[PDB]
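File shown: start.json (JSON, C-alpha atoms).
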[["chain", "number", "residue", "atom", "x", "y", "z"],
["A", 1, "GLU", "CA", 121.14, 126.77, 83.04],
["A", 2, "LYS", "CA", 121.77, 126.60, 86.81],
["A", 3, "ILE", "CA", 122.78, 129.93, 88.38],
["A", 4, "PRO", "CA", 126.25, 130.16, 90.02],
["A", 5, "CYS", "CA", 126.30, 131.18, 93.67],
["A", 6, "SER", "CA", 127.83, 134.19, 95.43],
["A", 7, "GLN", "CA", 129.69, 134.57, 98.75],
["A", 8, "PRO", "CA", 128.77, 131.25, 100.51],
["A", 9, "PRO", "CA", 126.33, 131.45, 103.40],
["A", 10, "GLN", "CA", 127.36, 131.81, 107.00],
["A", 11, "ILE", "CA", 126.73, 129.33, 109.75],
["A", 12, "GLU", "CA", 125.06, 130.99, 112.80],
["A", 13, "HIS", "CA", 128.62, 131.86, 113.89],
["A", 14, "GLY", "CA", 130.91, 130.53, 111.05],
["A", 15, "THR", "CA", 132.31, 131.30, 107.55],
["A", 16, "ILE", "CA", 133.48, 129.27, 104.53],
["A", 17, "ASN", "CA", 136.92, 127.61, 104.54],
["A", 18, "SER", "CA", 137.46, 127.40, 100.78],
["A", 19, "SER", "CA", 140.85, 129.00, 99.97],
["A", 20, "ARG", "CA", 140.12, 132.04, 102.17],
["A", 21, "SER", "CA", 139.48, 134.86, 99.64],
["A", 22, "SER", "CA", 140.09, 133.51, 96.14],
["A", 23, "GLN", "CA", 136.66, 133.63, 94.48],
["A", 24, "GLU", "CA", 133.47, 135.62, 95.01],
["A", 25, "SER", "CA", 131.11, 133.43, 93.02],
["A", 26, "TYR", "CA", 130.98, 129.64, 92.83],
["A", 27, "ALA", "CA", 129.46, 127.32, 90.23],
["A", 28, "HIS", "CA", 126.33, 125.20, 90.44],
["A", 29, "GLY", "CA", 126.97, 121.79, 91.98],
["A", 30, "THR", "CA", 129.69, 123.42, 94.10],
["A", 31, "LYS", "CA", 130.40, 121.99, 97.50],
["A", 32, "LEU", "CA", 132.81, 123.91, 99.70],
["A", 33, "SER", "CA", 133.93, 122.94, 103.24],
["A", 34, "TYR", "CA", 133.11, 125.01, 106.33],
["A", 35, "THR", "CA", 134.74, 126.42, 109.46],
["A", 36, "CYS", "CA", 133.41, 128.30, 112.50],
["A", 37, "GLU", "CA", 134.88, 130.72, 115.08],
["A", 38, "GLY", "CA", 137.89, 129.77, 117.24],
["A", 39, "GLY", "CA", 136.75, 127.07, 119.67],
["A", 40, "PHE", "CA", 133.54, 125.82, 118.01],
["A", 41, "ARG", "CA", 133.24, 122.13, 117.15],
["A", 42, "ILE", "CA", 131.56, 121.18, 113.84],
["A", 43, "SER", "CA", 129.23, 118.19, 113.54],
["A", 44, "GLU", "CA", 127.63, 116.55, 110.51],
["A", 45, "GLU", "CA", 130.39, 116.82, 107.85],
["A", 46, "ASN", "CA", 131.65, 120.42, 107.43],
["A", 47, "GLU", "CA", 130.43, 120.98, 103.85],
["A", 48, "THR", "CA", 127.76, 123.00, 102.04],
["A", 49, "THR", "CA", 126.51, 122.71, 98.45],
["A", 50, "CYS", "CA", 125.25, 125.23, 95.87],
["A", 51, "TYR", "CA", 122.13, 124.77, 93.77],
["A", 52, "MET", "CA", 120.67, 127.32, 91.29],
["A", 53, "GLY", "CA", 122.76, 130.16, 92.90],
["A", 54, "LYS", "CA", 121.32, 129.45, 96.35],
["A", 55, "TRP", "CA", 123.40, 127.64, 99.00],
["A", 56, "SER", "CA", 122.19, 124.90, 101.32],
["A", 57, "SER", "CA", 122.30, 125.19, 105.11],
["A", 58, "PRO", "CA", 125.93, 124.70, 106.34],
["A", 59, "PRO", "CA", 127.09, 122.10, 108.88],
["A", 60, "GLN", "CA", 126.05, 122.42, 112.51],
["A", 61, "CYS", "CA", 128.74, 124.06, 114.61],
["A", 62, "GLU", "CA", 128.26, 124.33, 118.39],
["A", 63, "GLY", "CA", 129.60, 122.30, 121.35],
["A", 64, "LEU", "CA", 131.17, 125.45, 122.80],
["A", 65, "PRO", "CA", 130.61, 126.85, 126.31],
["A", 66, "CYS", "CA", 128.52, 130.01, 126.06],
["A", 67, "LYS", "CA", 128.62, 132.99, 128.38],
["A", 68, "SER", "CA", 125.72, 133.99, 130.64],
["A", 69, "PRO", "CA", 122.83, 135.75, 128.85],
["A", 70, "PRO", "CA", 123.50, 139.18, 127.25],
["A", 71, "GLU", "CA", 121.83, 142.25, 128.74],
["A", 72, "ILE", "CA", 119.07, 144.18, 127.01],
["A", 73, "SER", "CA", 117.59, 147.65, 126.46],
["A", 74, "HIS", "CA", 113.98, 147.09, 127.59],
["A", 75, "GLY", "CA", 114.06, 143.95, 129.81],
["A", 76, "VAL", "CA", 116.41, 142.06, 132.18],
["A", 77, "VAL", "CA", 117.10, 138.35, 133.04],
["A", 78, "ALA", "CA", 117.15, 137.81, 136.75],
["A", 79, "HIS", "CA", 116.78, 134.07, 136.29],
["A", 80, "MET", "CA", 120.00, 133.44, 134.46],
["A", 81, "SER", "CA", 122.60, 130.85, 135.37],
["A", 82, "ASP", "CA", 126.41, 130.90, 135.50],
["A", 83, "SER", "CA", 127.18, 127.87, 133.36],
["A", 84, "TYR", "CA", 125.16, 128.14, 130.17],
["A", 85, "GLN", "CA", 126.51, 125.80, 127.52],
["A", 86, "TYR", "CA", 125.17, 126.35, 124.00],
["A", 87, "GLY", "CA", 121.65, 125.65, 122.76],
["A", 88, "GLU", "CA", 120.01, 126.64, 126.08],
["A", 89, "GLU", "CA", 117.43, 129.35, 126.96],
["A", 90, "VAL", "CA", 116.76, 132.02, 129.60],
["A", 91, "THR", "CA", 113.81, 134.23, 130.40],
["A", 92, "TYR", "CA", 114.07, 137.94, 131.17],
["A", 93, "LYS", "CA", 111.32, 140.24, 132.43],
["A", 94, "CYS", "CA", 109.83, 143.47, 131.00],
["A", 95, "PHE", "CA", 110.05, 147.09, 132.22],
["A", 96, "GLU", "CA", 107.35, 149.73, 132.79],
["A", 97, "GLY", "CA", 105.96, 151.75, 129.88],
["A", 98, "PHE", "CA", 106.92, 148.97, 127.41],
["A", 99, "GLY", "CA", 104.72, 146.58, 125.39],
["A", 100, "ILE", "CA", 105.28, 142.90, 124.64],
["A", 101, "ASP", "CA", 106.25, 140.99, 121.48],
["A", 102, "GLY", "CA", 106.75, 137.16, 121.23],
["A", 103, "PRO", "CA", 109.55, 135.45, 123.27],
["A", 104, "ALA", "CA", 110.82, 137.00, 126.51],
["A", 105, "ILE", "CA", 113.93, 134.79, 126.10],
["A", 106, "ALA", "CA", 117.41, 134.86, 124.66],
["A", 107, "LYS", "CA", 118.68, 131.54, 123.14],
["A", 108, "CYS", "CA", 122.43, 130.64, 123.11],
["A", 109, "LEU", "CA", 124.19, 129.39, 120.02],
["A", 110, "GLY", "CA", 127.63, 128.03, 121.12],
["A", 111, "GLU", "CA", 129.09, 131.56, 121.96],
["A", 112, "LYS", "CA", 126.53, 134.42, 122.38],
["A", 113, "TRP", "CA", 122.69, 134.41, 122.40],
["A", 114, "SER", "CA", 119.68, 134.84, 120.06],
["A", 115, "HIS", "CA", 116.31, 136.64, 119.87],
["A", 116, "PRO", "CA", 116.53, 138.51, 123.21],
["A", 117, "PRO", "CA", 113.26, 139.44, 125.05],
["A", 118, "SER", "CA", 109.91, 140.70, 123.77],
["A", 119, "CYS", "CA", 109.34, 143.81, 125.94],
["A", 120, "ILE", "CA", 109.73, 146.82, 123.53]]
What is this file in structure tokens?
Amino acid sequence: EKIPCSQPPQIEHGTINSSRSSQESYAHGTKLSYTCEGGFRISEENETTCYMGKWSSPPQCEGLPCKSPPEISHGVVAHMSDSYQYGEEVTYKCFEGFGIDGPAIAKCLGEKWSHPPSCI
């Protein structure tokens, strides 16, 4: 007997738009609509569905102008632009006395960025 779901998932930078705060749990075969931060544009029908207590990936919100890359603790992007519009990448450098991980980038997602550099 299908498990109900809990607080719907979050889109990279969004939340559910199903009667704000009414319920905590949802049923199985439950499809709620979605909404993202002020500005963001949502593509591919703003709806999510619930199966066995697990939710499916939300819609895809983005379309928003992002800011320049964020700054970091162990690296620094010197090759950053001024007009970075969502879903774009930058590459920072490392410092001295640090080691390296995987990506020495930061990736924007409509507003801020993702996985900042690999120099820890």
Long-range neighbours of residue 91 in chain A as a PyMOL selection string, 7 Å cut-off, only C-alpha atoms, 6 positions minimum in chain: chain A and resi 77+79+104-106
Atomic distance CA of residue 25 in chain A - CA of residue 49 in chain A, expressed in Å with one decimal: 12.9 Å
Just want the 9 Å neighbourhood of residue 15 in chain A, counted on all atoms listed in the file, with same-chain residues fewer than 3 positions away dropped. Output as a PDB file with C-alpha atoms, in the coordinates of the input.
ATOM      1  CA  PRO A   8     128.770 131.250 100.510  1.00  0.00           C
ATOM      2  CA  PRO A   9     126.330 131.450 103.400  1.00  0.00           C
ATOM      3  CA  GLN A  10     127.360 131.810 107.000  1.00  0.00           C
ATOM      4  CA  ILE A  11     126.730 129.330 109.750  1.00  0.00           C
ATOM      5  CA  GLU A  12     125.060 130.990 112.800  1.00  0.00           C
ATOM      6  CA  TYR A  34     133.110 125.010 106.330  1.00  0.00           C
ATOM      7  CA  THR A  35     134.740 126.420 109.460  1.00  0.00           C
ATOM      8  CA  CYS A  36     133.410 128.300 112.500  1.00  0.00           C
ATOM      9  CA  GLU A  37     134.880 130.720 115.080  1.00  0.00           C
TER      10      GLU A  37
END
Among the residues A:114, A:83, A:43, A:56, the one that comes closest to residue 70 in chain A [using all atoms listed in the file]: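 Of all the options, A:114 lies closest to residue 70 in chain A.
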Pairwise distance for CA of residue 16 in chain A and CA of residue 107 in chain A, rounded to one decimal in Å: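 CA of residue 107 in chain A lies at a distance of 23.9 Å from CA of residue 16 in chain A.
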Residue nearest residue 69 in chain A among A:87, A:97, A:4, A:29 (counting all atoms listed in the file):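 Using all atoms listed in the file, residue 69 in chain A sits closest to A:87.
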